[PDB]
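Residues per chain are reported as follows:
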Amino acid sequence: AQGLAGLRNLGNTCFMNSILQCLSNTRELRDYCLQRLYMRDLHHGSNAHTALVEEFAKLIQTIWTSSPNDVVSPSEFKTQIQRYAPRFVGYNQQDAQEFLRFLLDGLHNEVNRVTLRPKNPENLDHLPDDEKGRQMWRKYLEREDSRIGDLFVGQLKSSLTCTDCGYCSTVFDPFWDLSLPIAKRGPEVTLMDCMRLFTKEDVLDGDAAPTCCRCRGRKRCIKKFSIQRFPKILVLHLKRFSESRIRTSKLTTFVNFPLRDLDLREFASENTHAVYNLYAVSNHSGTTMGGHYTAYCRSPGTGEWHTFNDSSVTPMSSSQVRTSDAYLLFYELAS
Amino acid sequence: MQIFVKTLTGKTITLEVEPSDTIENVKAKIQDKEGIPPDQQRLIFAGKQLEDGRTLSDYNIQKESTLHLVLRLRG
Ligand SMILES: [Zn+2]
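- Structure determination for this PDB entry was carried out by X-ray crystallography, with a resolution of 2.20 Å recorded in the header.

- You'll find chain B entered in the PDB entry as Ubiquitin, with Homo sapiens given as the organism.

- The name given to chain A in the PDB entry is Ubiquitin carboxyl-terminal hydrolase 2, and the organism recorded there is Homo sapiens.
- Among the UniProt annotations of chain A, the heading Catalytic activity holds the following wording: "Thiol-dependent hydrolysis of ester, thioester, amide, peptide and isopeptide bonds formed by the C-terminal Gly of ubiquitin (a 76-residue protein attached to proteins as an intracellular targeting signal)."

Quick notes on the UniProt feature "active site" in chain A
At step 1: Those places that UniProt annotates as "active site" correspond, in this numbering, to A:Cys14 and A:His292.
At step 2: Tracing the backbone through its elements, the reader meets A:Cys14 in helix α1 (residues 14–24).
At step 3: If sequence neighbours within four positions are ignored, A:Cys14 has contacts with A:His292, A:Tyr293, A:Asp310 and B:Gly75.
At step 4: Looking at the secondary structure, you find A:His292 in strand β15 (residues 291–298).
At step 5: Not counting chain neighbours up to four residues away, the residues in contact with A:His292 comprise A:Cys14, A:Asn283, A:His284, A:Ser285, A:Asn309, A:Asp310 and B:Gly75.

Structural notes on the interface of chain B and chain A
At step 1: Contact residues are listed per partner, giving 36 residues for chain B and 57 residues for chain A.
At step 2: Summing both partners gives a buried area of about 3900 Å² for chain B against chain A, and 51% of it is carried by carbon and sulfur.
At step 3: Looking at the side of chain B facing chain A, the largest losses of area belong to B:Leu73, B:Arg74 and B:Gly75, adding up to 21% of the total buried there.
At step 4: Inspection of the chain B/chain A interface yields five salt bridges.
At step 5: Across the pair A:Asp202 and B:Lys6 runs a salt bridge whose closest N-O atoms are separated by 2.8 Å.
At step 6: Across the contact surface, chain B and chain A share 24 residue pairs in polar contact.
At step 7: Contributions of two or more residues to the side of chain B that touches chain A are made by β1 (2–6), β2 (12–16), α1 (23–34), β3 (42–45), β4 (48–49) and β5 (66–70) of chain B.

Points about the pattern of salt bridges
Residues and elements named next belong to chain A.
At step 1: Inspection of the entire model under this criterion finds 28 salt bridges over all chains.
At step 2: Here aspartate 177 ties to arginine 101 by a salt bridge, and the two come within 3.0 Å at their closest N and O atoms.
At step 3: Of the charged contacts in the structure, one is a salt bridge between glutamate 144 and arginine 117, with a shortest N-O distance of 2.8 Å.
At step 4: Connected through salt bridges with shared partners, the residues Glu28, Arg113, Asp145, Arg147 and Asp150 form a single ionic network.

With respect to the nonpolar core
Residues and elements named next belong to chain A.
At step 1: In terms of nonpolar packing, the biggest core is built from 80 residues, with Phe77 and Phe152 touching the most fellow members.
At step 2: Element by element, the count of residues in this core is highest for helix α4 (residues 50–64), at eight residues.
At step 3: When neighbours within four sequence positions are excluded, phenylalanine 77 is seen to be in contact with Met16, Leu20, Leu52, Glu55, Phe56, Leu59, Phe99 and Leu103.

Observations regarding the coordination of the zinc ion
Residue and element names in this part refer to chain A.
At step 1: Around the zinc ion, the protein supplies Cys162 (SG), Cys165 (SG), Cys212 (SG) and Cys215 (SG) as donor atoms, at distances of 2.3 to 2.4 Å.
At step 2: Coordination at the zinc ion is tetrahedral, judged from the four donor atoms that bind it and the angles of 106 to 112 degrees they form at the metal.
At step 3: When its relative accessible area of 40% is taken as the criterion, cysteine 165 is described as partly exposed.

Brief notes about the sheet that holds β1(B)
At step 1: Within the open sheet, the five strands sit side by side as β2-β1-β5-β3-β4 (chain B). Their pairing is mixed. Sheet topology places β2 and β4 of chain B at the edges, where each strand pairs with a single neighbour.

A few points about the UniProt feature "binding site: Zn(2+)" in chain A
All names here are of chain A.
At step 1: Per the UniProt annotation, the sites labelled "binding site: Zn(2+)" are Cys162, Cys165, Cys212 and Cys215.
At step 2: As for its placement among the helices and strands, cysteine 162 is situated in strand β3 (residues 154–162).
At step 3: Among the secondary structure elements, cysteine 215 is positioned in the loop between β8 (211–212) and β9 (217–218).
At step 4: You can call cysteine 215 partly exposed: its relative accessible area is 28%.

With respect to the packing of aromatic side chains
Residues and elements named next belong to chain A.
At step 1: Scanning all chains against the criterion turns up 11 aromatic pairs over all chains.
At step 2: Plain terms: the ring middles of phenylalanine 15 and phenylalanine 99 are 5.5 Å apart, the flat faces sit at 75 degrees to each other, and that makes the pair edge-to-face. Of the two residues, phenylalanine 15 is situated in helix α1 and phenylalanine 99 in helix α6 (residues 96–110); the sequence distance between them amounts to 84 residues.
At step 3: Ring geometry for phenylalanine 198 and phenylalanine 225: centres 4.9 Å apart, planes at 10 degrees, overall stacked.

Concerning the packing of α4(A) against α6(A)
To describe two helices that pack against each other, one gives the angle between their axes and the distance between the axes.
Residue and element names in this part refer to chain A.
At step 1: Following both chains from N to C, one finds α4 and α6 inclined at 110 degrees, their axes separated by 8 Å at the closest point. By the criterion of interaxial angle, the relationship of α4 to α6 is roughly perpendicular. Crossing of α4 over α6 shows left-handed handedness. Contact residues: α4 offers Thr50, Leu52, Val53 and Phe56, while α6 offers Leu103, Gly106, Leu107 and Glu110.
At step 2: Of the residues in the contact of α4 with α6, the class split is five nonpolar, two polar and one charged.

Some details on the sheet that holds β3(A)
Residues and elements named next belong to chain A.
At step 1: Pairing is antiparallel in the open sheet, where four strands are placed in the order β4-β3-β10-β7. Single-partner strands in this sheet number two, and they are β4 (168–175) and β7 (202–204). With direction set aside, neighbouring strand axes in the sheet form an average angle of 25 degrees.
At step 2: Packing of helix α7 (residues 129–141) onto the sheet brings it into contact with β3, β4 and β10 (221–229), and relative to β4 it is tilted by some 35 degrees.

Thresholds, definitions, all that
- Residues numbered from 1 in each chain as written, not as in the entry; some residues may be left out.
- Chains lettered and ligands numbered in written order.
- Heavy atoms only, no water.
- UniProt positions renumbered as here; feature names shortened; annotations may be inferred.
- Helix = DSSP H or I, 4+ residues; strand = E, 2+ residues; numbered from the N terminus.
- Contact = heavy atoms within 4.5 Å.
- Buried area = accessible area lost by both parts, 1.4 Å probe.
- Salt bridge = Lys/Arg side-chain N within 4 Å of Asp/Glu carboxyl O.
- Polar contact = N/O pair within 3.5 Å; in protein donor to acceptor, adjacent residues only side chain to side chain.
- Core = buried A, V, L, I, M, F, W, Y, C linked by side-chain atoms within 4.5 Å.
- Buried < 20%, exposed > 50% of the residue type's maximum accessible area, 1.4 Å probe, protein only.
- Donors = N, O, S within 2.8 Å, 3.2 Å for Na, K, Ca; no water.
- Tetrahedral: all angles 85-135°; square planar, octahedral: opposite > 155°, others 65-115°.
- Pairing = 2+ DSSP bridges.
- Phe/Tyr/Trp six-rings, centres within 6.5 Å; stacked < 30°, edge-to-face > 60°.
- Axes fitted to C-alpha atoms, helices over the stretch in contact; angles between N-to-C directions.
- Parallel < 35°, antiparallel > 145°, perpendicular 65-115°, else oblique.
- Left-handed = near helix turned anticlockwise from the far one by under 90°.
- Nonpolar A, V, L, I, M, F, W, Y, C, P; charged D, E, K, R; others polar.

Right under this line is the structure:
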């Protein structure tokens, strides 16, 4: 079938390939590239990074027009991303989430419908904080507004209650992914366990006591995340690093995550059905210092999973996609 | 000004900062509390990884915003 082309290792570029395949199989992002819609959104005038979006799009196009075991060489795209993000110059092993962030940032900046970003953070205390969520959202949207954002951007609500005066200070943070701490409590730790750890009430006291501006002093406060706006594509990042003050080690903890019906209603601030199906996983195997990346991806529409391992593309069953090596999870809205 | 940092294991720390603080300076504050070196630290906010040589102001990081602390799985 289609989109089952591999990517040449160019010298430790598995981190880059794994992400490229997760994005290749991101339906709406793929179609954006195949349908050549980025061309409209591109900025006029001589730019340094016009080539990033065009080279990315051309890679995706090549992948999706190739024969079933062709190997594509992303070398020209690499040259573009390393110009944008100098840290990717050369041939050292890197983190694939760091890569995903720099790349989406670069692609987003180049097709941003906002061509000159507007320069005020006023007080919205008279407003129900779902109304202020919306105001914050539209303020964000008048600086960052692209087709990439359409897909990946959600909104966090952070509610910080002073235990003295009871005031609940609310802030709304946009997010392009969520980075989840891993539960220690295992029968087994689940994705839901990690999401509840992220959204639990953090009791802030002692050296963590924030200042309450109503009380005009440092108080014990309770802080809680909830999801105010759910993104079309939900990227979940497992925080697989121990906290060591000397020497960090990778947590290889199996985190059980679902293929289908990831129901996140629990985490909504006051939702309207937010349920996801999995369609890609970037896998890491090794240590914090070194190892290898692969991707498991579900062909859009097709329900068929493949293991993408640099130049090698191989069918797999869904009973093989959940592993300890899962580091990033790509979810899409279900029907 | 206070900001928060969601750390590695589910704990949130509080930082006293100025809008003019550099990301380097913010990383020292995190090292001061968590003993993770700055060159290991990656800080994520509104999808942006925060870069040294820039300030919190650059990133439009307001009071009570949360930075997300992640390290690296190299491969
Ligand atoms: Zn108070």
